[PDB]
>>> print(open('run_1.pdb').read())   # PDB, N, CA and C atoms
ATOM      1  N   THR A   1     105.695 104.809  86.810  1.00  0.00           N
ATOM      2  CA  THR A   1     105.235 104.208  85.524  1.00  0.00           C
ATOM      3  C   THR A   1     105.208 105.274  84.425  1.00  0.00           C
ATOM      4  N   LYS A   2     105.962 106.326  84.590  1.00  0.00           N
ATOM      5  CA  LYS A   2     105.982 107.399  83.554  1.00  0.00           C
ATOM      6  C   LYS A   2     107.157 107.187  82.597  1.00  0.00           C
ATOM      7  N   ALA A   3     106.876 106.955  81.344  1.00  0.00           N
ATOM      8  CA  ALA A   3     107.976 106.740  80.361  1.00  0.00           C
ATOM      9  C   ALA A   3     108.433 108.078  79.777  1.00  0.00           C
ATOM     10  N   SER A   4     109.095 108.046  78.655  1.00  0.00           N
ATOM     11  CA  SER A   4     109.569 109.314  78.028  1.00  0.00           C
ATOM     12  C   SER A   4     109.099 109.385  76.572  1.00  0.00           C
ATOM     13  N   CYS A   5     109.186 110.537  75.965  1.00  0.00           N
ATOM     14  CA  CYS A   5     108.746 110.670  74.546  1.00  0.00           C
ATOM     15  C   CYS A   5     109.958 110.615  73.613  1.00  0.00           C
ATOM     16  N   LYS A   6     109.794 111.021  72.383  1.00  0.00           N
ATOM     17  CA  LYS A   6     110.939 110.991  71.428  1.00  0.00           C
ATOM     18  C   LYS A   6     110.925 112.241  70.543  1.00  0.00           C
ATOM     19  N   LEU A   7     111.944 113.056  70.635  1.00  0.00           N
ATOM     20  CA  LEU A   7     111.994 114.294  69.802  1.00  0.00           C
ATOM     21  C   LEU A   7     111.494 114.001  68.378  1.00  0.00           C
ATOM     22  N   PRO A   8     110.265 114.377  68.112  1.00  0.00           N
ATOM     23  CA  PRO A   8     109.669 114.142  66.773  1.00  0.00           C
ATOM     24  C   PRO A   8     110.424 114.923  65.692  1.00  0.00           C
ATOM     25  N   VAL A   9     111.317 115.796  66.078  1.00  0.00           N
ATOM     26  CA  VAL A   9     112.071 116.583  65.058  1.00  0.00           C
ATOM     27  C   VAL A   9     113.562 116.625  65.406  1.00  0.00           C
ATOM     28  N   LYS A  10     114.400 116.850  64.431  1.00  0.00           N
ATOM     29  CA  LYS A  10     115.865 116.911  64.703  1.00  0.00           C
ATOM     30  C   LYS A  10     116.314 118.371  64.824  1.00  0.00           C
ATOM     31  N   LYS A  11     115.394 119.291  64.712  1.00  0.00           N
ATOM     32  CA  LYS A  11     115.760 120.732  64.821  1.00  0.00           C
ATOM     33  C   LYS A  11     114.532 121.553  65.223  1.00  0.00           C
ATOM     34  N   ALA A  12     113.746 121.048  66.134  1.00  0.00           N
ATOM     35  CA  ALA A  12     112.530 121.795  66.568  1.00  0.00           C
ATOM     36  C   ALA A  12     112.866 122.722  67.739  1.00  0.00           C
ATOM     37  N   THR A  13     112.345 123.920  67.729  1.00  0.00           N
ATOM     38  CA  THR A  13     112.633 124.870  68.844  1.00  0.00           C
ATOM     39  C   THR A  13     111.363 125.126  69.659  1.00  0.00           C
ATOM     40  N   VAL A  14     111.384 124.802  70.924  1.00  0.00           N
ATOM     41  CA  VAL A  14     110.178 125.027  71.772  1.00  0.00           C
ATOM     42  C   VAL A  14     110.533 125.917  72.966  1.00  0.00           C
ATOM     43  N   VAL A  15     109.578 126.202  73.807  1.00  0.00           N
ATOM     44  CA  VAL A  15     109.858 127.062  74.991  1.00  0.00           C
ATOM     45  C   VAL A  15     109.607 126.279  76.283  1.00  0.00           C
ATOM     46  N   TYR A  16     110.577 125.536  76.738  1.00  0.00           N
ATOM     47  CA  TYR A  16     110.388 124.749  77.991  1.00  0.00           C
ATOM     48  C   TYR A  16     110.705 125.613  79.216  1.00  0.00           C
ATOM     49  N   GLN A  17     109.761 125.768  80.102  1.00  0.00           N
ATOM     50  CA  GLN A  17     110.005 126.595  81.319  1.00  0.00           C
ATOM     51  C   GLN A  17     110.377 128.029  80.931  1.00  0.00           C
ATOM     52  N   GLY A  18     109.757 128.557  79.911  1.00  0.00           N
ATOM     53  CA  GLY A  18     110.071 129.950  79.488  1.00  0.00           C
ATOM     54  C   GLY A  18     111.483 130.008  78.899  1.00  0.00           C
ATOM     55  N   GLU A  19     111.969 128.913  78.383  1.00  0.00           N
ATOM     56  CA  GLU A  19     113.337 128.912  77.791  1.00  0.00           C
ATOM     57  C   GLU A  19     113.294 128.374  76.361  1.00  0.00           C
ATOM     58  N   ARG A  20     113.983 129.014  75.457  1.00  0.00           N
ATOM     59  CA  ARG A  20     113.982 128.541  74.044  1.00  0.00           C
ATOM     60  C   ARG A  20     115.128 127.550  73.817  1.00  0.00           C
ATOM     61  N   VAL A  21     114.824 126.382  73.318  1.00  0.00           N
ATOM     62  CA  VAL A  21     115.894 125.371  73.076  1.00  0.00           C
ATOM     63  C   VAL A  21     115.472 124.421  71.956  1.00  0.00           C
ATOM     64  N   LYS A  22     116.257 123.415  71.688  1.00  0.00           N
ATOM     65  CA  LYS A  22     115.896 122.458  70.603  1.00  0.00           C
ATOM     66  C   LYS A  22     115.518 121.099  71.196  1.00  0.00           C
ATOM     67  N   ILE A  23     114.268 120.730  71.108  1.00  0.00           N
ATOM     68  CA  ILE A  23     113.836 119.417  71.665  1.00  0.00           C
ATOM     69  C   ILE A  23     114.725 118.293  71.125  1.00  0.00           C
ATOM     70  N   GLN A  24     115.306 118.486  69.971  1.00  0.00           N
ATOM     71  CA  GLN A  24     116.186 117.426  69.396  1.00  0.00           C
ATOM     72  C   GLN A  24     117.507 117.363  70.168  1.00  0.00           C
ATOM     73  N   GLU A  25     117.791 118.363  70.958  1.00  0.00           N
ATOM     74  CA  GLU A  25     119.061 118.360  71.739  1.00  0.00           C
ATOM     75  C   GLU A  25     118.760 118.215  73.233  1.00  0.00           C
ATOM     76  N   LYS A  26     118.128 119.195  73.820  1.00  0.00           N
ATOM     77  CA  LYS A  26     117.805 119.104  75.274  1.00  0.00           C
ATOM     78  C   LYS A  26     117.203 117.733  75.585  1.00  0.00           C
ATOM     79  N   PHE A  27     116.326 117.261  74.743  1.00  0.00           N
ATOM     80  CA  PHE A  27     115.705 115.927  74.978  1.00  0.00           C
ATOM     81  C   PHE A  27     116.225 114.922  73.949  1.00  0.00           C
ATOM     82  N   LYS A  28     117.505 114.930  73.695  1.00  0.00           N
ATOM     83  CA  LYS A  28     118.074 113.976  72.705  1.00  0.00           C
ATOM     84  C   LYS A  28     117.747 112.542  73.138  1.00  0.00           C
ATOM     85  N   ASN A  29     117.503 112.339  74.403  1.00  0.00           N
ATOM     86  CA  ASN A  29     117.160 110.973  74.891  1.00  0.00           C
ATOM     87  C   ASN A  29     115.652 110.883  75.127  1.00  0.00           C
ATOM     88  N   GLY A  30     114.875 111.463  74.253  1.00  0.00           N
ATOM     89  CA  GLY A  30     113.398 111.428  74.434  1.00  0.00           C
ATOM     90  C   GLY A  30     113.005 112.458  75.491  1.00  0.00           C
ATOM     91  N   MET A  31     111.760 112.839  75.538  1.00  0.00           N
ATOM     92  CA  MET A  31     111.333 113.841  76.556  1.00  0.00           C
ATOM     93  C   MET A  31     110.672 113.131  77.740  1.00  0.00           C
ATOM     94  N   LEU A  32     110.770 113.689  78.915  1.00  0.00           N
ATOM     95  CA  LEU A  32     110.152 113.032  80.102  1.00  0.00           C
ATOM     96  C   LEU A  32     108.626 113.086  80.007  1.00  0.00           C
ATOM     97  N   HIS A  33     107.962 112.087  80.519  1.00  0.00           N
ATOM     98  CA  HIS A  33     106.470 112.071  80.463  1.00  0.00           C
ATOM     99  C   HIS A  33     105.898 113.309  81.160  1.00  0.00           C
ATOM    100  N   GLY A  34     104.913 113.929  80.571  1.00  0.00           N
ATOM    101  CA  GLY A  34     104.309 115.138  81.200  1.00  0.00           C
ATOM    102  C   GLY A  34     105.077 116.391  80.772  1.00  0.00           C
ATOM    103  N   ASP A  35     106.297 116.235  80.332  1.00  0.00           N
ATOM    104  CA  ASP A  35     107.091 117.422  79.904  1.00  0.00           C
ATOM    105  C   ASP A  35     106.221 118.369  79.073  1.00  0.00           C
ATOM    106  N   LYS A  36     106.151 119.617  79.451  1.00  0.00           N
ATOM    107  CA  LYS A  36     105.317 120.582  78.675  1.00  0.00           C
ATOM    108  C   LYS A  36     106.212 121.557  77.906  1.00  0.00           C
ATOM    109  N   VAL A  37     106.048 121.623  76.615  1.00  0.00           N
ATOM    110  CA  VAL A  37     106.882 122.556  75.801  1.00  0.00           C
ATOM    111  C   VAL A  37     106.027 123.211  74.712  1.00  0.00           C
ATOM    112  N   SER A  38     106.223 124.478  74.471  1.00  0.00           N
ATOM    113  CA  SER A  38     105.413 125.172  73.429  1.00  0.00           C
ATOM    114  C   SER A  38     106.217 125.325  72.134  1.00  0.00           C
ATOM    115  N   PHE A  39     105.561 125.246  71.007  1.00  0.00           N
ATOM    116  CA  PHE A  39     106.279 125.395  69.709  1.00  0.00           C
ATOM    117  C   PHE A  39     106.030 126.795  69.138  1.00  0.00           C
ATOM    118  N   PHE A  40     106.951 127.316  68.378  1.00  0.00           N
ATOM    119  CA  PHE A  40     106.748 128.681  67.813  1.00  0.00           C
ATOM    120  C   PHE A  40     105.948 128.618  66.510  1.00  0.00           C
ATOM    121  N   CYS A  41     104.952 129.450  66.380  1.00  0.00           N
ATOM    122  CA  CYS A  41     104.133 129.459  65.135  1.00  0.00           C
ATOM    123  C   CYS A  41     103.798 130.904  64.752  1.00  0.00           C
ATOM    124  N   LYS A  42     103.145 131.109  63.642  1.00  0.00           N
ATOM    125  CA  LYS A  42     102.803 132.503  63.236  1.00  0.00           C
ATOM    126  C   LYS A  42     101.304 132.636  62.977  1.00  0.00           C
ATOM    127  N   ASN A  43     100.779 133.818  63.131  1.00  0.00           N
ATOM    128  CA  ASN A  43      99.322 134.027  62.895  1.00  0.00           C
ATOM    129  C   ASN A  43      99.112 134.983  61.717  1.00  0.00           C
ATOM    130  N   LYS A  44      98.645 134.478  60.608  1.00  0.00           N
ATOM    131  CA  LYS A  44      98.419 135.357  59.425  1.00  0.00           C
ATOM    132  C   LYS A  44      97.253 136.315  59.690  1.00  0.00           C
ATOM    133  N   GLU A  45      96.471 136.047  60.700  1.00  0.00           N
ATOM    134  CA  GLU A  45      95.318 136.942  61.008  1.00  0.00           C
ATOM    135  C   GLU A  45      95.770 138.090  61.916  1.00  0.00           C
ATOM    136  N   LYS A  46      96.650 137.816  62.841  1.00  0.00           N
ATOM    137  CA  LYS A  46      97.133 138.891  63.755  1.00  0.00           C
ATOM    138  C   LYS A  46      98.497 139.405  63.285  1.00  0.00           C
ATOM    139  N   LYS A  47      99.109 138.710  62.367  1.00  0.00           N
ATOM    140  CA  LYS A  47     100.440 139.141  61.850  1.00  0.00           C
ATOM    141  C   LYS A  47     101.507 139.019  62.942  1.00  0.00           C
ATOM    142  N   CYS A  48     101.350 138.092  63.846  1.00  0.00           N
ATOM    143  CA  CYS A  48     102.368 137.929  64.928  1.00  0.00           C
ATOM    144  C   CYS A  48     102.590 136.446  65.211  1.00  0.00           C
ATOM    145  N   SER A  49     103.580 136.132  65.995  1.00  0.00           N
ATOM    146  CA  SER A  49     103.845 134.701  66.310  1.00  0.00           C
ATOM    147  C   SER A  49     103.465 134.392  67.756  1.00  0.00           C
ATOM    148  N   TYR A  50     103.364 133.137  68.084  1.00  0.00           N
ATOM    149  CA  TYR A  50     103.004 132.752  69.479  1.00  0.00           C
ATOM    150  C   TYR A  50     103.570 131.366  69.796  1.00  0.00           C
ATOM    151  N   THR A  51     103.198 130.794  70.909  1.00  0.00           N
ATOM    152  CA  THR A  51     103.732 129.444  71.256  1.00  0.00           C
ATOM    153  C   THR A  51     102.595 128.438  71.433  1.00  0.00           C
ATOM    154  N   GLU A  52     102.827 127.215  71.053  1.00  0.00           N
ATOM    155  CA  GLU A  52     101.779 126.165  71.206  1.00  0.00           C
ATOM    156  C   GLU A  52     102.247 125.132  72.231  1.00  0.00           C
ATOM    157  N   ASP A  53     101.896 125.318  73.472  1.00  0.00           N
ATOM    158  CA  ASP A  53     102.333 124.360  74.528  1.00  0.00           C
ATOM    159  C   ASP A  53     102.008 122.918  74.135  1.00  0.00           C
ATOM    160  N   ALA A  54     102.866 122.008  74.502  1.00  0.00           N
ATOM    161  CA  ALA A  54     102.635 120.569  74.185  1.00  0.00           C
ATOM    162  C   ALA A  54     102.809 119.737  75.458  1.00  0.00           C
ATOM    163  N   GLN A  55     102.481 118.474  75.422  1.00  0.00           N
ATOM    164  CA  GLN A  55     102.637 117.640  76.651  1.00  0.00           C
ATOM    165  C   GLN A  55     103.152 116.242  76.304  1.00  0.00           C
ATOM    166  N   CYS A  56     104.302 115.883  76.807  1.00  0.00           N
ATOM    167  CA  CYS A  56     104.849 114.525  76.521  1.00  0.00           C
ATOM    168  C   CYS A  56     104.056 113.481  77.308  1.00  0.00           C
ATOM    169  N   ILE A  57     103.730 112.380  76.694  1.00  0.00           N
ATOM    170  CA  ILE A  57     102.954 111.331  77.413  1.00  0.00           C
ATOM    171  C   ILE A  57     103.754 110.028  77.493  1.00  0.00           C
ATOM    172  N   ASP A  58     103.227 109.057  78.182  1.00  0.00           N
ATOM    173  CA  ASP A  58     103.935 107.752  78.334  1.00  0.00           C
ATOM    174  C   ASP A  58     104.397 107.190  76.983  1.00  0.00           C
ATOM    175  N   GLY A  59     105.564 107.568  76.535  1.00  0.00           N
ATOM    176  CA  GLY A  59     106.088 107.020  75.248  1.00  0.00           C
ATOM    177  C   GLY A  59     105.374 107.635  74.039  1.00  0.00           C
ATOM    178  N   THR A  60     104.443 108.526  74.243  1.00  0.00           N
ATOM    179  CA  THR A  60     103.744 109.122  73.064  1.00  0.00           C
ATOM    180  C   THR A  60     103.550 110.630  73.240  1.00  0.00           C
ATOM    181  N   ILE A  61     103.618 111.373  72.168  1.00  0.00           N
ATOM    182  CA  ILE A  61     103.421 112.849  72.267  1.00  0.00           C
ATOM    183  C   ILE A  61     102.695 113.361  71.018  1.00  0.00           C
ATOM    184  N   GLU A  62     101.902 114.387  71.160  1.00  0.00           N
ATOM    185  CA  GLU A  62     101.161 114.923  69.981  1.00  0.00           C
ATOM    186  C   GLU A  62     101.593 116.359  69.683  1.00  0.00           C
ATOM    187  N   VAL A  63     102.596 116.530  68.867  1.00  0.00           N
ATOM    188  CA  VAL A  63     103.057 117.909  68.534  1.00  0.00           C
ATOM    189  C   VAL A  63     101.926 118.686  67.844  1.00  0.00           C
ATOM    190  N   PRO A  64     101.841 119.964  68.133  1.00  0.00           N
ATOM    191  CA  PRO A  64     100.784 120.810  67.528  1.00  0.00           C
ATOM    192  C   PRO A  64     100.935 120.859  66.004  1.00  0.00           C
ATOM    193  N   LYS A  65      99.885 120.572  65.283  1.00  0.00           N
ATOM    194  CA  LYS A  65      99.971 120.607  63.796  1.00  0.00           C
ATOM    195  C   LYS A  65     100.586 121.930  63.339  1.00  0.00           C
ATOM    196  N   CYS A  66     100.445 122.962  64.127  1.00  0.00           N
ATOM    197  CA  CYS A  66     101.027 124.279  63.739  1.00  0.00           C
ATOM    198  C   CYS A  66     102.455 124.082  63.230  1.00  0.00           C
ATOM    199  N   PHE A  67     103.273 123.409  63.990  1.00  0.00           N
ATOM    200  CA  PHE A  67     104.678 123.174  63.555  1.00  0.00           C
ATOM    201  C   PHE A  67     104.697 122.493  62.183  1.00  0.00           C
ATOM    202  N   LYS A  68     105.618 122.865  61.335  1.00  0.00           N
ATOM    203  CA  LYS A  68     105.679 122.240  59.983  1.00  0.00           C
ATOM    204  C   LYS A  68     107.108 121.785  59.668  1.00  0.00           C
ATOM    205  N   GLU A  69     107.472 120.605  60.088  1.00  0.00           N
ATOM    206  CA  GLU A  69     108.850 120.111  59.803  1.00  0.00           C
ATOM    207  C   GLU A  69     109.129 120.183  58.301  1.00  0.00           C
ATOM    208  N   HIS A  70     108.099 120.264  57.502  1.00  0.00           N
ATOM    209  CA  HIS A  70     108.302 120.338  56.028  1.00  0.00           C
ATOM    210  C   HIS A  70     108.181 121.787  55.553  1.00  0.00           C
ATOM    211  N   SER A  71     109.180 122.285  54.880  1.00  0.00           N
ATOM    212  CA  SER A  71     109.121 123.690  54.388  1.00  0.00           C
ATOM    213  C   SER A  71     108.304 123.757  53.095  1.00  0.00           C
ATOM    214  N   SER A  72     108.658 122.966  52.120  1.00  0.00           N
ATOM    215  CA  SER A  72     107.903 122.980  50.834  1.00  0.00           C
ATOM    216  C   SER A  72     107.691 124.421  50.360  1.00  0.00           C
ATOM    217  N   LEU A  73     106.597 125.028  50.739  1.00  0.00           N
ATOM    218  CA  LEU A  73     106.339 126.433  50.305  1.00  0.00           C
ATOM    219  C   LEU A  73     106.334 127.373  51.515  1.00  0.00           C
ATOM    220  N   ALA A  74     107.331 127.286  52.354  1.00  0.00           N
ATOM    221  CA  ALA A  74     107.378 128.179  53.548  1.00  0.00           C
ATOM    222  C   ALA A  74     107.427 129.645  53.108  1.00  0.00           C
ATOM    223  N   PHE A  75     108.122 129.929  52.039  1.00  0.00           N
ATOM    224  CA  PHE A  75     108.209 131.337  51.558  1.00  0.00           C
ATOM    225  C   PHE A  75     108.493 132.282  52.728  1.00  0.00           C
ATOM    226  N   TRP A  76     108.334 133.560  52.522  1.00  0.00           N
ATOM    227  CA  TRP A  76     108.594 134.533  53.622  1.00  0.00           C
ATOM    228  C   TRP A  76     110.069 134.483  54.035  1.00  0.00           C
ATOM    229  N   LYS A  77     110.405 135.081  55.146  1.00  0.00           N
ATOM    230  CA  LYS A  77     111.828 135.066  55.597  1.00  0.00           C
ATOM    231  C   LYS A  77     111.907 135.166  57.123  1.00  0.00           C
ATOM    232  N   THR A  78     110.947 134.617  57.816  1.00  0.00           N
ATOM    233  CA  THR A  78     110.977 134.683  59.307  1.00  0.00           C
ATOM    234  C   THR A  78     110.148 133.544  59.909  1.00  0.00           C
ATOM    235  N   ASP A  79     110.705 132.365  59.982  1.00  0.00           N
ATOM    236  CA  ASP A  79     109.945 131.220  60.563  1.00  0.00           C
ATOM    237  C   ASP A  79     109.468 131.570  61.975  1.00  0.00           C
ATOM    238  N   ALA A  80     108.312 131.089  62.353  1.00  0.00           N
ATOM    239  CA  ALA A  80     107.771 131.389  63.714  1.00  0.00           C
ATOM    240  C   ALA A  80     108.894 131.417  64.757  1.00  0.00           C
ATOM    241  N   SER A  81     109.729 130.418  64.769  1.00  0.00           N
ATOM    242  CA  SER A  81     110.841 130.383  65.765  1.00  0.00           C
ATOM    243  C   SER A  81     111.600 131.717  65.781  1.00  0.00           C
ATOM    244  N   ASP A  82     111.485 132.503  64.742  1.00  0.00           N
ATOM    245  CA  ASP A  82     112.217 133.804  64.715  1.00  0.00           C
ATOM    246  C   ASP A  82     111.251 134.976  64.497  1.00  0.00           C
ATOM    247  N   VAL A  83     110.035 134.855  64.950  1.00  0.00           N
ATOM    248  CA  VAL A  83     109.062 135.974  64.766  1.00  0.00           C
ATOM    249  C   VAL A  83     108.770 136.648  66.109  1.00  0.00           C
ATOM    250  N   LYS A  84     108.285 137.859  66.080  1.00  0.00           N
ATOM    251  CA  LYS A  84     107.978 138.568  67.356  1.00  0.00           C
ATOM    252  C   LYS A  84     106.578 138.174  67.849  1.00  0.00           C
ATOM    253  N   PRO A  85     106.454 137.963  69.138  1.00  0.00           N
ATOM    254  CA  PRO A  85     105.146 137.579  69.718  1.00  0.00           C
ATOM    255  C   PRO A  85     104.125 138.703  69.519  1.00  0.00           C
ATOM    256  N   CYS A  86     102.898 138.361  69.242  1.00  0.00           N
ATOM    257  CA  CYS A  86     101.863 139.413  69.037  1.00  0.00           C
ATOM    258  C   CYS A  86     101.818 140.352  70.248  1.00  0.00           C
TER     259      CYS A  86
END
>>> encode(input="run_1.pdb", output="structure tokens")
Amino acid sequence: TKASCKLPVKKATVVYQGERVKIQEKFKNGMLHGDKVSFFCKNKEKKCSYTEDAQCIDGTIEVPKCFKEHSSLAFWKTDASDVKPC
């Protein structure tokens, strides 16, 4: 009775099983229920980036607010997906 999720982004990069990929591609057909993937983010307090593990649920998933599909005022020149881990 485990359904699948739906890539909430068309170009999101997460770390599934310690591997960096694009949920919009690897899971182009939605993500499997329970699938755990971390998103890349940055810490203005530590000046480093890290990962936010996520969990796919029966047809529903809650991506970490950290991720920002909207750039608007991203500024800087190193999105979390391309930052060094603290």
>>> resolve_selection(input="run_1.pdb", expression="the PyMOL selection byres (((chain A and resi 47-54 and name CA) around 6) and name CA)", output="ChimeraX atom specification")
/A:36-46,55,80,83-86
>>> select_by_dssp(input="run_1.pdb", residues="chain A", states="helix (DSSP H, G or I)", output="CSV table (one decimal) with N, CA and C atoms, keeping the file's coordinate frame")
chain,number,residue,atom,x,y,z
A,23,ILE,N,114.3,120.7,71.1
A,23,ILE,CA,113.8,119.4,71.7
A,23,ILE,C,114.7,118.3,71.1
A,24,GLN,N,115.3,118.5,70.0
A,24,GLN,CA,116.2,117.4,69.4
A,24,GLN,C,117.5,117.4,70.2
A,25,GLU,N,117.8,118.4,71.0
A,25,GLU,CA,119.1,118.4,71.7
A,25,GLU,C,118.8,118.2,73.2
A,26,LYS,N,118.1,119.2,73.8
A,26,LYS,CA,117.8,119.1,75.3
A,26,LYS,C,117.2,117.7,75.6
A,80,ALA,N,108.3,131.1,62.4
A,80,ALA,CA,107.8,131.4,63.7
A,80,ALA,C,108.9,131.4,64.8
A,81,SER,N,109.7,130.4,64.8
A,81,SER,CA,110.8,130.4,65.8
A,81,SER,C,111.6,131.7,65.8
A,82,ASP,N,111.5,132.5,64.7
A,82,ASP,CA,112.2,133.8,64.7
A,82,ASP,C,111.3,135.0,64.5
>>> resolve_selection(input="run_1.pdb", expression="the PyMOL selection byres ((chain A and resi 57-67) around 6)", output="PDB file with N, CA and C atoms, in the coordinates of the input")
ATOM      1  N   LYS A   2     105.962 106.326  84.590  1.00  0.00           N
ATOM      2  CA  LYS A   2     105.982 107.399  83.554  1.00  0.00           C
ATOM      3  C   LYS A   2     107.157 107.187  82.597  1.00  0.00           C
ATOM      4  N   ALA A   3     106.876 106.955  81.344  1.00  0.00           N
ATOM      5  CA  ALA A   3     107.976 106.740  80.361  1.00  0.00           C
ATOM      6  C   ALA A   3     108.433 108.078  79.777  1.00  0.00           C
ATOM      7  N   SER A   4     109.095 108.046  78.655  1.00  0.00           N
ATOM      8  CA  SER A   4     109.569 109.314  78.028  1.00  0.00           C
ATOM      9  C   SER A   4     109.099 109.385  76.572  1.00  0.00           C
ATOM     10  N   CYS A   5     109.186 110.537  75.965  1.00  0.00           N
ATOM     11  CA  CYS A   5     108.746 110.670  74.546  1.00  0.00           C
ATOM     12  C   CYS A   5     109.958 110.615  73.613  1.00  0.00           C
ATOM     13  N   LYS A   6     109.794 111.021  72.383  1.00  0.00           N
ATOM     14  CA  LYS A   6     110.939 110.991  71.428  1.00  0.00           C
ATOM     15  C   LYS A   6     110.925 112.241  70.543  1.00  0.00           C
ATOM     16  N   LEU A  32     110.770 113.689  78.915  1.00  0.00           N
ATOM     17  CA  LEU A  32     110.152 113.032  80.102  1.00  0.00           C
ATOM     18  C   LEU A  32     108.626 113.086  80.007  1.00  0.00           C
ATOM     19  N   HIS A  33     107.962 112.087  80.519  1.00  0.00           N
ATOM     20  CA  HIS A  33     106.470 112.071  80.463  1.00  0.00           C
ATOM     21  C   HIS A  33     105.898 113.309  81.160  1.00  0.00           C
ATOM     22  N   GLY A  34     104.913 113.929  80.571  1.00  0.00           N
ATOM     23  CA  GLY A  34     104.309 115.138  81.200  1.00  0.00           C
ATOM     24  C   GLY A  34     105.077 116.391  80.772  1.00  0.00           C
ATOM     25  N   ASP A  35     106.297 116.235  80.332  1.00  0.00           N
ATOM     26  CA  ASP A  35     107.091 117.422  79.904  1.00  0.00           C
ATOM     27  C   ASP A  35     106.221 118.369  79.073  1.00  0.00           C
ATOM     28  N   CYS A  41     104.952 129.450  66.380  1.00  0.00           N
ATOM     29  CA  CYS A  41     104.133 129.459  65.135  1.00  0.00           C
ATOM     30  C   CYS A  41     103.798 130.904  64.752  1.00  0.00           C
ATOM     31  N   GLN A  55     102.481 118.474  75.422  1.00  0.00           N
ATOM     32  CA  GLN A  55     102.637 117.640  76.651  1.00  0.00           C
ATOM     33  C   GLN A  55     103.152 116.242  76.304  1.00  0.00           C
ATOM     34  N   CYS A  56     104.302 115.883  76.807  1.00  0.00           N
ATOM     35  CA  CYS A  56     104.849 114.525  76.521  1.00  0.00           C
ATOM     36  C   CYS A  56     104.056 113.481  77.308  1.00  0.00           C
ATOM     37  N   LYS A  68     105.618 122.865  61.335  1.00  0.00           N
ATOM     38  CA  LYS A  68     105.679 122.240  59.983  1.00  0.00           C
ATOM     39  C   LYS A  68     107.108 121.785  59.668  1.00  0.00           C
ATOM     40  N   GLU A  69     107.472 120.605  60.088  1.00  0.00           N
ATOM     41  CA  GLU A  69     108.850 120.111  59.803  1.00  0.00           C
ATOM     42  C   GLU A  69     109.129 120.183  58.301  1.00  0.00           C
TER      43      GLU A  69
END
>>> closest_residue(input="run_1.pdb", among="A:76, A:81, A:1, A:71", to="residue A:21", atoms="only C-alpha atoms")
A:81
>>> resolve_selection(input="run_1.pdb", expression="the PyMOL selection byres (((chain A and resi 22 and name CA) around 6) and name CA)", output="compact mmCIF listing (two decimals) with N, CA and C atoms, in the coordinates of the input")
# COMPACT_ATOMS: atom_id res chain seq x y z
N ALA A 12 113.75 121.05 66.13
CA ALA A 12 112.53 121.80 66.57
C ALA A 12 112.87 122.72 67.74
N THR A 13 112.34 123.92 67.73
CA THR A 13 112.63 124.87 68.84
C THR A 13 111.36 125.13 69.66
N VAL A 21 114.82 126.38 73.32
CA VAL A 21 115.89 125.37 73.08
C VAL A 21 115.47 124.42 71.96
N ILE A 23 114.27 120.73 71.11
CA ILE A 23 113.84 119.42 71.67
C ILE A 23 114.72 118.29 71.12
N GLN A 24 115.31 118.49 69.97
CA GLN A 24 116.19 117.43 69.40
C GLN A 24 117.51 117.36 70.17
N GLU A 25 117.79 118.36 70.96
CA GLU A 25 119.06 118.36 71.74
C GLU A 25 118.76 118.22 73.23
>>> atom_distance(input="run_1.pdb", atom1="atom C of residue A:14", atom2="atom C of residue A:28")
15.2 Å
>>> select_by_dssp(input="run_1.pdb", residues="chain A", states="strand (DSSP E or B)", output="JSON, numbers by chain")
{"A": [4, 13, 14, 15, 16, 19, 20, 21, 22, 32, 36, 37, 38, 39, 40, 41, 42, 43, 48, 49, 50, 51, 52, 53, 54, 55, 56, 57, 60, 61, 85]}
>>> atom_distance(input="run_1.pdb", atom1="atom N of residue A:29", atom2="atom N of residue A:7")
6.8 Å
>>> atom_distance(input="run_1.pdb", atom1="atom N of residue A:18", atom2="atom N of residue A:31")
16.4 Å
>>> axis_aligned_box(input="run_1.pdb", around="stretch 7-20 of chain A", padding_each_side="8 Å", output="AutoDock Vina command-line options")
--center_x 112.9 --center_y 121.5 --center_z 72.9 --size_x 22.7 --size_y 33.0 --size_z 32.9
>>> decode(input="run_1.pdb", residues="stretch 42-48 of chain A", atoms="N, CA, C and O atoms", output="compact mmCIF listing (two decimals), in the first residue's frame")
# COMPACT_ATOMS: atom_id res chain seq x y z
N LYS A 42 22.51 26.32 2.71
CA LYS A 42 23.71 27.03 3.24
C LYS A 42 23.43 27.60 4.63
O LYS A 42 22.30 27.88 4.98
N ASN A 43 24.45 27.76 5.42
CA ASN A 43 24.25 28.32 6.79
C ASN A 43 24.97 29.67 6.92
O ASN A 43 26.18 29.74 6.96
N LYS A 44 24.22 30.74 6.99
CA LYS A 44 24.86 32.08 7.12
C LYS A 44 25.52 32.23 8.49
O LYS A 44 26.31 33.12 8.72
N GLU A 45 25.19 31.36 9.41
CA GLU A 45 25.79 31.46 10.77
C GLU A 45 27.12 30.70 10.81
O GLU A 45 28.07 31.12 11.44
N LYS A 46 27.20 29.58 10.14
CA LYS A 46 28.47 28.80 10.13
C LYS A 46 29.25 29.07 8.84
O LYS A 46 30.40 28.71 8.71
N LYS A 47 28.62 29.71 7.89
CA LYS A 47 29.31 30.02 6.61
C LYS A 47 29.60 28.73 5.83
O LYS A 47 30.55 28.65 5.08
N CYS A 48 28.78 27.73 5.99
CA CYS A 48 29.02 26.45 5.24
C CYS A 48 27.69 25.87 4.77
O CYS A 48 26.63 26.33 5.15
